[PDB]
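Visitor: Could you have a look at this structure, given as structure tokens, before my questions?
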Amino acid sequence: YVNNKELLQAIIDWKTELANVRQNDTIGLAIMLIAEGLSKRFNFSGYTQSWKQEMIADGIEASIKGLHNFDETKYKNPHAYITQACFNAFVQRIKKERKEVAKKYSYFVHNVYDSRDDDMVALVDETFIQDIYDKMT
Amino acid sequence: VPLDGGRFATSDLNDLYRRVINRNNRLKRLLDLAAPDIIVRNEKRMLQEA
């Protein structure tokens, strides 16, 4: 993607300026770049475009705010910094959404009294078993 | 959920709504941070597509 070194440079420079408002966008473009490139990692990029959009949204904001604090004397690389930052942002988002739709399942399974006789047994067990599996976590 | 007997539907409207509303707040929030305008452009785009 992008030379980690030049990013160190730009961020050192925004450090120095913040020692005085905005920041350059070179580093910001690179952030978008790296977020979207990680998105194509193998554990993710697996299920759902729609989610993935919001995921990356999360991660981007997270990196934005978290750039505020990045030492140079230690952690001589900002690449991995933003990498794991977005990583955690993503897992946060996905857990939220997973248990949301889980909640939906839970609400569902608590309604079998609709109209008359002749119910079903096959499906209900599966909503149940998922609504259990997710709840295991 | 409709739940009106049989298999159950998902009434997926809210979802869009949900994600839609989501981006909106994000937009503000990121404007609230004085974000690099390139990415504010990006979020405007996300909102419009939503």
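Ligands are numbered from 1 in the order shown, residues from 1 within each chain, and chains are lettered A, B, ... in the order they appear in the structure tokens.
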Write down, as number ranges by chain, each residue of chain B that has any atom within 9 Å of an atom of chain A, counting only C-alpha atoms.
Guide: B: 1, 3-8, 19, 22-23, 26, 29-30, 33-39, 43, 46
Visitor: Save the residues we just selected, C-alpha atoms, as a PDB file, in the first residue's frame?
Guide:
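Result file is result-v1.pdb:
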```pdb
ATOM      1  CA  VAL B   1     -41.493  -9.433  12.892  1.00  0.00           C
ATOM      2  CA  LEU B   3     -45.247 -13.362  12.985  1.00  0.00           C
ATOM      3  CA  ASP B   4     -48.622 -13.707  11.267  1.00  0.00           C
ATOM      4  CA  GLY B   5     -48.442 -17.469  11.227  1.00  0.00           C
ATOM      5  CA  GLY B   6     -46.294 -19.594   8.979  1.00  0.00           C
ATOM      6  CA  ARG B   7     -42.718 -18.697   8.284  1.00  0.00           C
ATOM      7  CA  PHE B   8     -41.860 -15.245   9.616  1.00  0.00           C
ATOM      8  CA  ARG B  19     -27.935   1.749   9.121  1.00  0.00           C
ATOM      9  CA  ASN B  22     -26.316   5.151  11.996  1.00  0.00           C
ATOM     10  CA  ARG B  23     -24.331   6.989   9.365  1.00  0.00           C
ATOM     11  CA  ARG B  26     -21.401   9.251  12.572  1.00  0.00           C
ATOM     12  CA  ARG B  29     -19.726  12.886  15.352  1.00  0.00           C
ATOM     13  CA  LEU B  30     -16.931  13.112  12.824  1.00  0.00           C
ATOM     14  CA  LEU B  33     -14.034  15.993  15.714  1.00  0.00           C
ATOM     15  CA  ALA B  34     -12.912  18.414  12.974  1.00  0.00           C
ATOM     16  CA  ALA B  35     -12.107  15.501  10.711  1.00  0.00           C
ATOM     17  CA  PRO B  36      -9.869  15.615   7.627  1.00  0.00           C
ATOM     18  CA  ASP B  37     -12.280  16.806   4.992  1.00  0.00           C
ATOM     19  CA  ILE B  38     -11.414  14.021   2.568  1.00  0.00           C
ATOM     20  CA  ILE B  39     -12.979  11.540   4.933  1.00  0.00           C
ATOM     21  CA  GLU B  43     -19.030   9.986   5.056  1.00  0.00           C
ATOM     22  CA  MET B  46     -21.991   7.030   2.616  1.00  0.00           C
TER      23      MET B  46
END
```
Visitor: Going by DSSP on the backbone, which residues of chain A come out as alpha helix (DSSP H)? List them as a PyMOL selection string.
Guide: chain A and resi 4-18+26-39+49-66+79-109+122-136
Visitor: What separation in Å, quoted to one decimal, exists between atom CA of residue 2 of chain A and atom CA of residue 15 of chain A?
Guide: 20.2 Å
Visitor: Quick one: everything within 12 Å of residue 98 of chain A, counting only C-alpha atoms, minus sequence neighbours fewer than 3 positions away in the same chain. Send it as a VMD selection string.
Guide: chain A and resid 51 91 to 95 101 to 105 130 to 131 133 to 135 137
Visitor: Go ahead and write the residues just picked, C-alpha atoms, as a short mmCIF file (atom, residue, chain, number, x, y, z; two decimals), in the first residue's frame.
Guide:
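Generated file (out-v6.cif):
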```cif
data_model
loop_
_atom_site.label_atom_id
_atom_site.label_comp_id
_atom_site.auth_asym_id
_atom_site.auth_seq_id
_atom_site.Cartn_x
_atom_site.Cartn_y
_atom_site.Cartn_z
CA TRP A 51 -22.24 -4.85 7.46
CA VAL A 91 -14.90 -6.72 16.39
CA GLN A 92 -16.86 -4.30 18.55
CA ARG A 93 -19.25 -3.46 15.74
CA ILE A 94 -19.76 -7.06 14.75
CA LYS A 95 -20.50 -8.27 18.26
CA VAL A 101 -30.21 -9.94 15.50
CA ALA A 102 -29.93 -12.52 18.24
CA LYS A 103 -32.31 -10.36 20.27
CA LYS A 104 -34.61 -10.48 17.27
CA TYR A 105 -34.58 -14.28 17.32
CA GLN A 130 -29.12 -20.31 17.19
CA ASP A 131 -30.71 -18.07 19.81
CA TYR A 133 -25.58 -20.57 20.50
CA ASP A 134 -25.28 -16.81 20.24
CA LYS A 135 -26.39 -16.57 23.86
CA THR A 137 -21.13 -16.02 24.25
#
```
Visitor: List the neighbours of residue 79 of chain A out to 12 Å using only C-alpha atoms; skip same-chain residues closer than 5 positions along the sequence, and give me the result as a VMD selection string.
Guide: chain A and resid 1 to 8 11 27 30 to 31 33 to 35 38 63 67 70 84 to 86
